[PDB]
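A.B. asks: Got a file for you: entry-v6.csv, CSV, C-alpha atoms (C1' of nucleotides) and all ligand atoms.
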chain,number,residue,atom,x,y,z
A,1,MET,CA,-37.5,153.7,-35.8
A,2,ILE,CA,-36.3,151.2,-38.3
A,3,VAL,CA,-36.3,152.0,-42.0
A,4,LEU,CA,-35.8,149.5,-44.8
A,5,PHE,CA,-35.1,151.1,-48.2
A,6,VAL,CA,-35.2,149.1,-51.5
A,7,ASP,CA,-33.7,150.0,-54.8
A,8,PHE,CA,-33.9,147.9,-58.0
A,9,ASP,CA,-30.5,147.1,-59.6
A,10,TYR,CA,-29.7,148.8,-63.0
A,11,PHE,CA,-33.5,148.7,-63.3
A,12,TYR,CA,-34.4,149.6,-67.0
A,13,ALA,CA,-31.5,147.5,-68.3
A,14,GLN,CA,-32.3,144.5,-66.0
A,15,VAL,CA,-36.0,144.6,-67.0
A,16,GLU,CA,-34.7,144.2,-70.5
A,17,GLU,CA,-32.6,141.3,-69.4
A,18,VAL,CA,-35.6,139.7,-67.8
A,19,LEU,CA,-37.4,140.0,-71.1
A,20,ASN,CA,-34.4,138.6,-72.9
A,21,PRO,CA,-31.9,136.5,-71.0
A,22,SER,CA,-29.8,136.3,-74.2
A,23,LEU,CA,-28.8,139.8,-73.2
A,24,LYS,CA,-27.6,138.8,-69.7
A,25,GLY,CA,-23.8,138.7,-69.4
A,26,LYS,CA,-23.6,141.2,-72.3
A,27,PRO,CA,-23.3,145.0,-71.8
A,28,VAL,CA,-26.7,146.7,-72.2
A,29,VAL,CA,-27.4,150.4,-72.6
A,30,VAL,CA,-31.0,151.6,-72.5
A,31,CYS,CA,-31.1,154.9,-74.5
A,32,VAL,CA,-33.3,157.8,-75.0
A,33,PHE,CA,-32.9,158.7,-78.7
A,34,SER,CA,-33.8,162.3,-79.6
A,35,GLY,CA,-33.6,162.2,-83.4
A,36,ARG,CA,-31.6,165.4,-84.2
A,37,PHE,CA,-29.4,162.9,-86.2
A,38,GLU,CA,-28.8,159.3,-85.3
A,39,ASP,CA,-27.5,158.0,-82.1
A,40,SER,CA,-28.1,161.5,-80.7
A,41,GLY,CA,-29.5,161.5,-77.2
A,42,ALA,CA,-28.5,160.3,-73.7
A,43,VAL,CA,-28.2,157.0,-71.8
A,44,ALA,CA,-31.1,156.3,-69.4
A,45,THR,CA,-29.1,153.6,-67.7
A,46,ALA,CA,-26.8,150.6,-68.3
A,47,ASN,CA,-26.2,147.2,-66.7
A,48,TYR,CA,-23.1,146.9,-64.5
A,49,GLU,CA,-21.1,145.2,-67.3
A,50,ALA,CA,-21.3,148.4,-69.2
A,51,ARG,CA,-20.8,150.7,-66.2
A,52,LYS,CA,-17.3,149.2,-65.7
A,53,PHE,CA,-16.1,151.0,-68.8
A,54,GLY,CA,-17.8,154.3,-67.8
A,55,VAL,CA,-21.1,154.0,-69.7
A,56,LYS,CA,-23.8,155.4,-67.4
A,57,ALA,CA,-27.0,157.4,-67.1
A,58,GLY,CA,-26.5,161.0,-68.3
A,59,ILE,CA,-23.7,160.7,-70.9
A,60,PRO,CA,-24.4,161.1,-74.7
A,61,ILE,CA,-25.2,157.9,-76.5
A,62,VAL,CA,-22.4,158.7,-79.0
A,63,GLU,CA,-19.9,158.6,-76.1
A,64,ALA,CA,-21.2,155.2,-75.2
A,65,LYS,CA,-20.9,153.8,-78.7
A,66,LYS,CA,-17.4,155.2,-78.7
A,67,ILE,CA,-16.5,153.2,-75.6
A,68,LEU,CA,-18.6,150.1,-76.2
A,69,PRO,CA,-19.4,149.9,-80.0
A,70,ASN,CA,-20.7,146.4,-79.7
A,71,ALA,CA,-22.7,146.5,-76.5
A,72,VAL,CA,-26.4,146.1,-77.0
A,73,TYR,CA,-28.2,149.5,-77.3
A,74,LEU,CA,-31.9,149.3,-76.6
A,75,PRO,CA,-34.5,152.2,-76.8
A,76,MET,CA,-36.0,153.1,-73.5
A,77,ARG,CA,-39.5,151.5,-73.0
A,78,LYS,CA,-40.7,153.3,-69.9
A,79,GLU,CA,-44.4,152.0,-69.9
A,80,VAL,CA,-43.0,148.5,-69.5
A,81,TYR,CA,-40.5,149.4,-66.7
A,82,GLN,CA,-43.4,151.3,-65.0
A,83,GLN,CA,-45.8,148.3,-65.0
A,84,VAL,CA,-43.1,146.0,-63.7
A,85,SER,CA,-42.2,148.6,-61.0
A,86,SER,CA,-45.9,149.0,-60.0
A,87,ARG,CA,-46.0,145.2,-59.5
A,88,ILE,CA,-42.9,145.2,-57.4
A,89,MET,CA,-44.3,148.1,-55.4
A,90,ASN,CA,-47.6,146.3,-54.6
A,91,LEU,CA,-45.4,143.3,-53.5
A,92,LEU,CA,-43.6,145.7,-51.1
A,93,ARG,CA,-46.8,147.0,-49.6
A,94,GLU,CA,-47.3,143.5,-48.2
A,95,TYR,CA,-44.5,144.2,-45.7
A,96,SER,CA,-45.8,147.5,-44.4
A,97,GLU,CA,-48.6,150.0,-44.8
A,98,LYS,CA,-46.1,152.7,-44.2
A,99,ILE,CA,-44.5,153.0,-47.6
A,100,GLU,CA,-43.0,155.8,-49.6
A,101,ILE,CA,-42.3,155.2,-53.2
A,102,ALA,CA,-39.6,157.8,-53.9
A,103,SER,CA,-38.9,157.0,-57.6
A,104,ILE,CA,-39.7,154.5,-60.3
A,105,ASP,CA,-37.5,152.0,-58.6
A,106,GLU,CA,-37.2,152.7,-54.9
A,107,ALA,CA,-39.2,152.8,-51.7
A,108,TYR,CA,-38.7,153.3,-48.0
A,109,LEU,CA,-40.7,151.1,-45.7
A,110,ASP,CA,-41.3,151.8,-42.0
A,111,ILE,CA,-41.0,148.4,-40.5
A,112,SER,CA,-40.5,149.6,-36.9
A,113,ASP,CA,-43.6,147.6,-35.9
A,114,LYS,CA,-43.2,144.5,-38.0
A,115,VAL,CA,-39.7,143.9,-36.7
A,116,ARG,CA,-38.1,144.0,-33.3
A,117,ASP,CA,-34.5,144.8,-34.1
A,118,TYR,CA,-31.9,145.0,-36.9
A,119,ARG,CA,-31.4,141.2,-36.8
A,120,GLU,CA,-35.0,140.6,-37.8
A,121,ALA,CA,-35.0,143.5,-40.3
A,122,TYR,CA,-32.0,142.0,-42.1
A,123,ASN,CA,-34.1,138.8,-42.3
A,124,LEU,CA,-37.1,140.7,-43.5
A,125,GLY,CA,-34.8,142.3,-46.0
A,126,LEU,CA,-33.7,138.9,-47.3
A,127,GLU,CA,-37.3,137.7,-47.3
A,128,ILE,CA,-38.1,140.8,-49.5
A,129,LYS,CA,-35.2,140.4,-51.9
A,130,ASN,CA,-36.0,136.7,-52.4
A,131,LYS,CA,-39.7,137.4,-52.8
A,132,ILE,CA,-39.0,140.0,-55.5
A,133,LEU,CA,-36.4,137.9,-57.3
A,134,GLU,CA,-38.6,134.8,-57.0
A,135,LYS,CA,-41.7,136.6,-58.3
A,136,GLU,CA,-40.3,139.1,-60.8
A,137,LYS,CA,-36.7,137.8,-61.4
A,138,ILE,CA,-35.5,141.3,-60.5
A,139,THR,CA,-32.5,141.7,-58.1
A,140,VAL,CA,-32.6,144.7,-55.8
A,141,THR,CA,-30.4,146.1,-53.0
A,142,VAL,CA,-31.7,146.8,-49.5
A,143,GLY,CA,-30.7,149.5,-47.0
A,144,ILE,CA,-31.7,149.4,-43.4
A,145,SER,CA,-31.1,152.1,-40.7
A,146,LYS,CA,-32.6,154.5,-38.2
A,147,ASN,CA,-33.8,157.0,-40.8
A,148,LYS,CA,-34.5,157.2,-44.6
A,149,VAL,CA,-31.3,159.0,-45.4
A,150,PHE,CA,-29.0,156.4,-43.8
A,151,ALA,CA,-31.2,153.6,-45.2
A,152,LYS,CA,-30.5,155.1,-48.7
A,153,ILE,CA,-26.8,155.4,-47.9
A,154,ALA,CA,-26.8,151.7,-46.7
A,155,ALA,CA,-28.2,150.5,-50.1
A,156,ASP,CA,-25.8,152.7,-52.0
A,157,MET,CA,-22.9,151.1,-50.2
A,158,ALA,CA,-24.3,147.6,-50.8
A,159,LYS,CA,-25.0,148.0,-54.6
A,160,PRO,CA,-25.6,145.7,-56.4
A,161,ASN,CA,-27.7,142.8,-55.3
A,162,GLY,CA,-26.8,143.6,-51.7
A,163,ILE,CA,-28.3,144.3,-48.3
A,164,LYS,CA,-26.8,146.3,-45.5
A,165,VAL,CA,-27.6,147.5,-42.1
A,166,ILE,CA,-26.1,150.7,-40.6
A,167,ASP,CA,-26.6,150.5,-36.8
A,168,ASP,CA,-26.5,153.4,-34.4
A,169,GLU,CA,-22.8,152.6,-34.0
A,170,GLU,CA,-22.1,152.9,-37.7
A,171,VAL,CA,-24.3,156.0,-38.1
A,172,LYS,CA,-22.1,157.7,-35.5
A,173,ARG,CA,-19.0,156.6,-37.5
A,174,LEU,CA,-20.4,157.7,-40.9
A,175,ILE,CA,-21.3,161.1,-39.6
A,176,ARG,CA,-17.6,161.5,-39.2
A,177,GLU,CA,-16.4,159.3,-42.0
A,178,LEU,CA,-18.8,159.7,-44.9
A,179,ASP,CA,-17.7,162.3,-47.6
A,180,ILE,CA,-20.5,164.8,-47.5
A,181,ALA,CA,-20.7,164.5,-51.3
A,182,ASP,CA,-22.0,160.9,-50.8
A,183,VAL,CA,-25.0,162.3,-48.8
A,184,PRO,CA,-28.4,162.2,-50.6
A,185,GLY,CA,-29.6,165.6,-51.7
A,186,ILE,CA,-26.2,167.0,-52.1
A,187,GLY,CA,-25.2,167.3,-55.7
A,188,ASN,CA,-21.9,168.5,-57.3
A,189,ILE,CA,-23.0,172.1,-56.9
A,190,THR,CA,-23.7,172.1,-53.2
A,191,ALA,CA,-20.8,169.7,-52.7
A,192,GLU,CA,-18.2,172.2,-53.9
A,193,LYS,CA,-20.0,175.0,-52.1
A,194,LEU,CA,-19.5,173.0,-48.9
A,195,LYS,CA,-15.8,172.8,-49.5
A,196,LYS,CA,-15.2,176.5,-50.1
A,197,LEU,CA,-16.5,176.5,-46.5
A,198,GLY,CA,-14.1,173.7,-45.4
A,199,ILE,CA,-16.9,171.2,-44.9
A,200,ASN,CA,-16.0,167.7,-46.2
A,201,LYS,CA,-18.0,165.6,-43.7
A,202,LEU,CA,-21.4,165.8,-42.1
A,203,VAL,CA,-19.8,166.5,-38.7
A,204,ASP,CA,-18.1,169.5,-40.1
A,205,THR,CA,-21.4,171.3,-40.4
A,206,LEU,CA,-21.4,171.4,-36.6
A,207,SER,CA,-18.3,173.6,-36.6
A,208,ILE,CA,-19.7,176.6,-38.6
A,209,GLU,CA,-22.2,179.4,-37.7
A,210,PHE,CA,-25.6,178.3,-38.9
A,211,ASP,CA,-26.2,181.7,-40.3
A,212,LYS,CA,-23.1,181.3,-42.5
A,213,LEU,CA,-24.2,177.9,-43.7
A,214,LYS,CA,-27.8,179.0,-44.2
A,215,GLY,CA,-26.0,181.7,-46.2
A,216,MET,CA,-24.0,179.4,-48.6
A,217,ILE,CA,-26.5,176.6,-49.2
A,218,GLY,CA,-29.9,178.0,-48.0
A,219,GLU,CA,-31.7,177.4,-44.8
A,220,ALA,CA,-33.4,174.2,-45.9
A,221,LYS,CA,-30.2,172.4,-46.9
A,222,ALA,CA,-28.5,173.7,-43.8
A,223,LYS,CA,-31.0,172.4,-41.4
A,224,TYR,CA,-31.0,169.2,-43.3
A,225,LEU,CA,-27.3,168.6,-43.0
A,226,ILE,CA,-27.1,169.9,-39.4
A,227,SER,CA,-29.9,167.6,-38.2
A,228,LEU,CA,-28.3,164.6,-39.9
A,229,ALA,CA,-25.0,165.3,-38.1
A,230,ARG,CA,-26.8,166.0,-34.8
A,231,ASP,CA,-28.1,162.4,-35.3
A,232,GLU,CA,-31.4,164.2,-35.0
A,233,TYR,CA,-32.8,163.7,-38.6
A,234,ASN,CA,-36.2,161.9,-38.3
A,235,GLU,CA,-38.4,162.5,-41.4
A,236,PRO,CA,-41.3,160.0,-41.5
A,237,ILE,CA,-42.2,157.7,-44.4
A,238,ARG,CA,-45.1,159.2,-46.3
A,239,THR,CA,-47.1,158.4,-49.4
A,240,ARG,CA,-45.9,160.9,-52.0
A,241,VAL,CA,-48.5,162.6,-54.3
A,242,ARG,CA,-48.1,163.5,-57.9
A,243,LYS,CA,-48.1,167.3,-58.2
A,244,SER,CA,-47.0,167.7,-61.7
A,245,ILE,CA,-47.6,166.0,-65.0
A,246,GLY,CA,-45.9,167.1,-68.2
A,247,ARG,CA,-44.0,166.2,-71.3
A,248,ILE,CA,-41.0,167.6,-73.2
A,249,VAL,CA,-39.6,166.7,-76.7
A,250,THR,CA,-36.5,167.5,-78.7
A,251,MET,CA,-37.0,169.1,-82.1
A,252,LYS,CA,-35.0,167.9,-85.1
A,253,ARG,CA,-33.3,171.2,-85.4
A,254,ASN,CA,-33.2,174.4,-83.4
A,255,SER,CA,-35.5,177.2,-84.2
A,256,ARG,CA,-37.3,180.5,-83.2
A,257,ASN,CA,-40.1,179.9,-85.7
A,258,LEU,CA,-43.5,179.3,-84.1
A,259,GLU,CA,-45.1,177.3,-86.8
A,260,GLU,CA,-42.0,175.1,-86.8
A,261,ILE,CA,-42.2,174.7,-83.0
A,262,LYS,CA,-46.0,174.3,-82.6
A,263,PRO,CA,-46.4,170.7,-83.7
A,264,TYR,CA,-43.9,169.6,-81.0
A,265,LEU,CA,-45.6,171.7,-78.4
A,266,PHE,CA,-49.1,170.3,-79.3
A,267,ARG,CA,-47.7,166.8,-79.3
A,268,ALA,CA,-46.4,167.4,-75.8
A,269,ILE,CA,-49.8,168.7,-74.7
A,270,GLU,CA,-51.7,165.7,-76.1
A,271,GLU,CA,-49.4,163.3,-74.2
A,272,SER,CA,-49.6,165.3,-71.1
A,273,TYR,CA,-53.4,165.4,-71.1
A,274,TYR,CA,-53.4,161.6,-71.7
A,275,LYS,CA,-51.2,161.2,-68.6
A,276,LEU,CA,-53.4,163.6,-66.7
A,277,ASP,CA,-56.1,160.9,-67.0
A,278,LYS,CA,-59.0,162.6,-65.0
A,279,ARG,CA,-56.8,165.1,-63.2
A,280,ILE,CA,-57.8,168.7,-63.9
A,281,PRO,CA,-54.9,171.2,-63.8
A,282,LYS,CA,-55.3,174.9,-63.0
A,283,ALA,CA,-51.7,175.7,-63.9
A,284,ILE,CA,-49.6,175.3,-67.0
A,285,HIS,CA,-46.0,176.1,-67.8
A,286,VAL,CA,-44.2,176.0,-71.1
A,287,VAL,CA,-40.6,174.9,-70.7
A,288,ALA,CA,-37.9,175.5,-73.3
A,289,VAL,CA,-34.4,174.3,-73.6
A,290,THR,CA,-32.3,176.8,-75.6
A,291,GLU,CA,-29.3,176.1,-77.9
A,292,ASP,CA,-26.8,176.6,-75.1
A,293,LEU,CA,-28.7,173.9,-73.1
A,294,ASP,CA,-30.2,176.6,-70.8
A,295,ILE,CA,-33.7,176.2,-69.4
A,296,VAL,CA,-36.4,178.9,-69.6
A,297,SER,CA,-40.1,178.7,-68.6
A,298,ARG,CA,-43.3,180.8,-68.6
A,299,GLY,CA,-46.5,179.8,-67.0
A,300,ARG,CA,-49.8,180.9,-65.6
A,301,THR,CA,-52.3,179.8,-62.9
A,302,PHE,CA,-56.0,180.0,-63.8
A,303,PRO,CA,-58.8,180.3,-61.1
A,304,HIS,CA,-60.4,177.4,-62.8
A,305,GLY,CA,-59.3,174.1,-64.3
A,306,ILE,CA,-57.7,174.1,-67.7
A,307,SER,CA,-59.4,172.4,-70.7
A,308,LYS,CA,-57.3,171.0,-73.5
A,309,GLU,CA,-58.4,173.7,-75.9
A,310,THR,CA,-57.4,176.3,-73.3
A,311,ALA,CA,-54.0,174.7,-72.8
A,312,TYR,CA,-53.6,174.7,-76.6
A,313,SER,CA,-54.1,178.5,-76.9
A,314,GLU,CA,-52.5,179.5,-73.6
A,315,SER,CA,-49.3,177.5,-74.5
A,316,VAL,CA,-48.8,179.3,-77.7
A,317,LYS,CA,-49.1,182.6,-75.8
A,318,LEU,CA,-46.5,181.5,-73.2
A,319,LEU,CA,-44.2,180.2,-76.0
A,320,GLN,CA,-44.5,183.6,-77.8
A,321,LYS,CA,-43.6,185.2,-74.5
A,322,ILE,CA,-40.5,183.0,-74.4
A,323,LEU,CA,-39.5,183.7,-77.9
A,324,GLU,CA,-40.1,187.5,-77.4
A,325,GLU,CA,-38.2,187.5,-74.2
A,326,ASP,CA,-35.3,185.2,-75.1
A,327,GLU,CA,-33.2,185.7,-78.3
A,328,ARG,CA,-31.7,182.2,-78.3
A,329,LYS,CA,-32.9,179.4,-80.7
A,330,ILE,CA,-35.0,176.8,-79.0
A,331,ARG,CA,-33.8,173.2,-78.8
A,332,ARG,CA,-36.4,171.4,-76.7
A,333,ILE,CA,-40.0,172.4,-76.0
A,334,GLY,CA,-42.4,171.1,-73.4
A,335,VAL,CA,-45.5,171.7,-71.2
A,336,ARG,CA,-46.2,171.0,-67.6
A,337,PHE,CA,-49.5,170.8,-65.8
A,338,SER,CA,-49.9,171.2,-62.0
A,339,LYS,CA,-52.2,172.4,-59.2
A,340,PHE,CA,-54.8,169.7,-59.8
A,341,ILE,CA,-58.4,170.3,-58.5
B,1,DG,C1',-43.9,194.5,-41.1
B,2,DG,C1',-45.9,190.4,-42.7
B,3,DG,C1',-49.5,187.1,-44.7
B,4,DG,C1',-50.4,184.7,-49.2
B,5,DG,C1',-49.6,183.8,-53.8
B,6,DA,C1',-47.4,183.5,-58.0
B,7,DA,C1',-43.8,183.5,-61.3
B,8,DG,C1',-39.0,182.2,-62.9
B,9,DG,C1',-35.0,179.8,-61.8
B,10,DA,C1',-31.7,176.5,-59.6
B,11,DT,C1',-30.3,171.9,-57.8
B,12,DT,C1',-30.9,167.0,-57.5
B,13,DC,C1',-31.9,162.7,-58.9
C,1,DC,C1',-22.5,165.9,-77.1
C,2,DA,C1',-26.4,165.6,-72.9
C,3,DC,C1',-33.1,162.7,-72.5
C,4,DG,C1',-36.5,163.2,-69.6
C,5,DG,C1',-39.8,163.8,-65.6
C,6,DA,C1',-40.7,166.0,-61.0
C,7,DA,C1',-39.9,167.6,-56.3
C,8,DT,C1',-38.2,171.0,-53.5
C,9,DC,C1',-36.2,175.1,-52.6
C,10,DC,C1',-34.9,180.2,-53.2
C,11,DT,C1',-35.5,184.8,-54.7
C,12,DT,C1',-38.4,188.5,-56.3
C,13,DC,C1',-42.4,190.9,-56.8
C,14,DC,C1',-47.1,192.2,-56.1
C,15,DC,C1',-51.6,193.3,-53.2
C,16,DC,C1',-52.9,195.2,-49.1
C,17,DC,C1',-54.3,195.3,-44.1
D,401,LIG,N1,-33.9,158.8,-68.8
D,401,LIG,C1,-33.2,158.8,-67.6
D,401,LIG,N2,-33.5,157.8,-66.7
D,401,LIG,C2,-32.9,157.7,-65.6
D,401,LIG,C3,-31.8,158.5,-65.2
D,401,LIG,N3,-31.3,158.1,-64.1
D,401,LIG,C4,-32.1,157.1,-63.7
D,401,LIG,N4,-33.0,156.8,-64.6
D,401,LIG,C5,-34.0,155.7,-64.5
D,401,LIG,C6,-33.5,154.4,-65.2
D,401,LIG,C7,-32.7,153.8,-64.0
D,401,LIG,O1,-32.5,152.4,-64.2
D,401,LIG,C8,-33.8,154.0,-62.9
D,401,LIG,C9,-33.2,153.8,-61.5
D,401,LIG,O2,-32.2,154.7,-61.2
D,401,LIG,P1,-31.0,154.3,-60.1
D,401,LIG,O3,-30.7,155.7,-59.6
D,401,LIG,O4,-31.9,153.3,-59.2
D,401,LIG,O5,-30.1,153.6,-61.2
D,401,LIG,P2,-30.3,152.1,-61.7
D,401,LIG,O6,-31.4,151.5,-61.0
D,401,LIG,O7,-30.2,152.1,-63.2
D,401,LIG,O8,-28.9,151.4,-61.2
D,401,LIG,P3,-28.6,151.2,-59.6
D,401,LIG,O9,-28.6,149.7,-59.3
D,401,LIG,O10,-29.7,151.9,-58.8
D,401,LIG,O11,-27.2,151.9,-59.3
D,401,LIG,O12,-34.2,155.4,-63.1
D,401,LIG,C10,-31.5,159.5,-66.1
D,401,LIG,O13,-30.5,160.3,-65.9
D,401,LIG,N5,-32.2,159.7,-67.3
D,402,MG,MG,-31.7,151.1,-58.9
D,403,MG,MG,-33.5,154.1,-57.6
D,404,MG,MG,-25.6,162.3,-53.3
D,405,MG,MG,-30.1,179.5,-66.5
Would it be possible to restate this file's structure as structure tokens?
C.D. replies:
Amino acid sequence: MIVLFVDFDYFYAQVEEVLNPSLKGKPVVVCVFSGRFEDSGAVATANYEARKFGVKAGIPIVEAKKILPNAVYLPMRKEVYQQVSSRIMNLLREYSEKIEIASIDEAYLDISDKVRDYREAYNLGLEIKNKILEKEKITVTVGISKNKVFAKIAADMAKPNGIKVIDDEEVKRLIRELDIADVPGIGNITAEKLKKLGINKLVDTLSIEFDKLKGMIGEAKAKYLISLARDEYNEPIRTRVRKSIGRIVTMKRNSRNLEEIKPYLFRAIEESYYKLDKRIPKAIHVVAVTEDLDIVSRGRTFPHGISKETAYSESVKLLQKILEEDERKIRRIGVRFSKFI
DNA sequence: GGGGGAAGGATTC
DNA sequence: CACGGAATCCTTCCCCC
């Protein structure tokens, strides 16, 4: 099997550059403004200029301003990035029917048939990069290997505007050389847990009682890491299906007052239902972020689909359940729909 | 004992 | 000072054959 993974470079920012070359060369930071005051919120992403000085997805916008007071700060326009992405995705289908869009800017393609070896794959990669750049003016990085995981790692190593192939030889080397923290699906929480166990590399998972591993990080994550190291990981490329549609917003100020929270909640329901399109959900969860940035939720699954009126009333109930069951003020409130008919 | 959900949370990206 | 959207996974609990 030969997998070719593609990931758009600093995507949201670069889309902004495409729509405004004047920005190119300058540091760009796409932000998600919350409105609790101004310049409150987080950074969705930033071009590489800006990342050099530490401005990156996740950090508070105020930190960014601090480090780069004169970089350009643009509000995130997701609809636009989505439509550009959808276009690029269609373009990618033309290289394989077997395609897995894993995020708004990445996909894994199974080109085992289309190509005969890594030499051609690399050429198919170039073809793809050029096609995308040519057609959409978007640069992307490509990763190619025997399975999705290593394809992803390949592109991570070649970022930005790169393309890399990790052959069976290199896969054997990485299993022994790659810091397990650089392995997809392993965040800072599982990373540290792996160290308390002495594991710093994939191979290390082969020198510990499964039951112990299964103990520390759960069976799923254990079998995942083990199969990878056993060079036996082989998950296929499959079309992913939306299972949840929701929305969540930040309130101007914290609160435990229902009438003060409702307009935010209802706003989130309207937007969610719009996104539902013609999908009918049988489940709904109200999600709340408390003052201490903790996340709490309460939901319910109906035997039938949920109408907007029903979601309106049921959501207030679930919110009341939250407020009655949690003494903390609420910072962010949202709703999520799932289990579509 | 174990199937079959469901609910609430945790981790990752 | 920290948004937002979703998937997957884990634990707990309940109904009952
Ligand atoms: N709002 C928000 N959006 C994010 C976050 N992380 C990623 N995104 C969005 C915007 C990113 O451009 C896009 C693609 O993520 P990547 O993981 O591909 O980062 P990006 O493409 O920006 O840079 P890259 O070349 O992949 O290293 O997804 C986040 O933490 N918050
Ligand atoms: Mg990217
Ligand atoms: Mg990506
Ligand atoms: Mg990782
Ligand atoms: Mg918690």
A.B. asks: With all atoms listed in the file counted and 10 Å as the cut-off, give the residues of chain C in contact with ligand LIG 401 (chain D), each with its shortest interatomic distance in Å and the pair that gives it, as a Markdown table.
C.D. replies:
| residue | atom | partner | partner_atom | distance |
| --- | --- | --- | --- | --- |
| C:2 | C1' | D:LIG401 | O13 | 9.7 |
| C:3 | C1' | D:LIG401 | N1 | 5.4 |
| C:4 | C1' | D:LIG401 | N1 | 5.2 |
| C:5 | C1' | D:LIG401 | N1 | 8.4 |
A.B. asks: Between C1' of residue 1 (chain C) and CA of residue 58 (chain A), what is the spacing in Å?
C.D. replies: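 Taking CA of residue 58 (chain A) and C1' of residue 1 (chain C), their separation equals 10.8 Å.
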A.B. asks: Around ligand MG 404 (chain D), at most 6 Å away and counting all atoms listed in the file, which residues are there? Put them as an MDAnalysis selection string, please.
C.D. replies: chainID A and resid 181:187
A.B. asks: Emit the selected residues as a short mmCIF file (atom, residue, chain, number, x, y, z; two decimals), keeping the file's coordinate frame, including C-alpha atoms.
C.D. replies:
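The resulting out01.cif:
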data_model
loop_
_atom_site.label_atom_id
_atom_site.label_comp_id
_atom_site.auth_asym_id
_atom_site.auth_seq_id
_atom_site.Cartn_x
_atom_site.Cartn_y
_atom_site.Cartn_z
CA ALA A 181 -20.70 164.50 -51.30
CA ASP A 182 -22.00 160.90 -50.80
CA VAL A 183 -25.00 162.30 -48.80
CA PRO A 184 -28.40 162.20 -50.60
CA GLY A 185 -29.60 165.60 -51.70
CA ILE A 186 -26.20 167.00 -52.10
CA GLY A 187 -25.20 167.30 -55.70
#
A.B. asks: Determine, using only C-alpha atoms and all ligand atoms, which residues of chain A have any atom at most 12 Å from an atom of ligand MG 405 (chain D), and tabulate each with its shortest atom pair and distance in Å to one decimal place, rows ordered by chain and then rising number, as a Markdown table.
C.D. replies:
| residue | atom | partner | partner_atom | distance |
| --- | --- | --- | --- | --- |
| A:288 | CA | D:MG405 | MG | 11.1 |
| A:289 | CA | D:MG405 | MG | 9.8 |
| A:290 | CA | D:MG405 | MG | 9.7 |
| A:291 | CA | D:MG405 | MG | 11.9 |
| A:292 | CA | D:MG405 | MG | 9.7 |
| A:293 | CA | D:MG405 | MG | 8.8 |
| A:294 | CA | D:MG405 | MG | 5.2 |
| A:295 | CA | D:MG405 | MG | 5.7 |
| A:296 | CA | D:MG405 | MG | 7.0 |
| A:297 | CA | D:MG405 | MG | 10.2 |
| A:326 | CA | D:MG405 | MG | 11.6 |
A.B. asks: Pull out every residue of chain B that has at least one atom within 12 Å of chain A, counting all atoms listed in the file, and report them as a list in words.
C.D. replies: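 Taken together, these residues fit the definition: residues 5, 6, 7, 8, 9, 10, 11, 12 and 13 of chain B.
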A.B. asks: Output the contact residues of chain A with respect to chain C at a cut-off of 9 Å, based on all atoms listed in the file, as a PyMOL selection string.
C.D. replies: chain A and resi 31-34+40-44+58-63+218+220-221+242-250+293
A.B. asks: List every residue of chain A that has an atom at most 9 Å from any atom of ligand MG 403 (chain D), and for each one report the closest atom pair and its distance in Å to one decimal, counting all atoms listed in the file, with rows sorted by chain and then by increasing residue number, as JSON lines.
C.D. replies:
{"residue": "A:6", "atom": "CA", "partner": "D:MG403", "partner_atom": "MG", "distance": 8.1}
{"residue": "A:7", "atom": "CA", "partner": "D:MG403", "partner_atom": "MG", "distance": 5.0}
{"residue": "A:8", "atom": "CA", "partner": "D:MG403", "partner_atom": "MG", "distance": 6.2}
{"residue": "A:9", "atom": "CA", "partner": "D:MG403", "partner_atom": "MG", "distance": 7.9}
{"residue": "A:10", "atom": "CA", "partner": "D:MG403", "partner_atom": "MG", "distance": 8.5}
{"residue": "A:11", "atom": "CA", "partner": "D:MG403", "partner_atom": "MG", "distance": 7.9}
{"residue": "A:102", "atom": "CA", "partner": "D:MG403", "partner_atom": "MG", "distance": 8.0}
{"residue": "A:103", "atom": "CA", "partner": "D:MG403", "partner_atom": "MG", "distance": 6.1}
{"residue": "A:104", "atom": "CA", "partner": "D:MG403", "partner_atom": "MG", "distance": 6.8}
{"residue": "A:105", "atom": "CA", "partner": "D:MG403", "partner_atom": "MG", "distance": 4.6}
{"residue": "A:106", "atom": "CA", "partner": "D:MG403", "partner_atom": "MG", "distance": 4.8}
{"residue": "A:107", "atom": "CA", "partner": "D:MG403", "partner_atom": "MG", "distance": 8.3}
A.B. asks: Could you check which of A:156, A:97, A:177, A:49 is closest to ligand MG 402 (chain D), using all atoms listed in the file?
C.D. replies: A:156
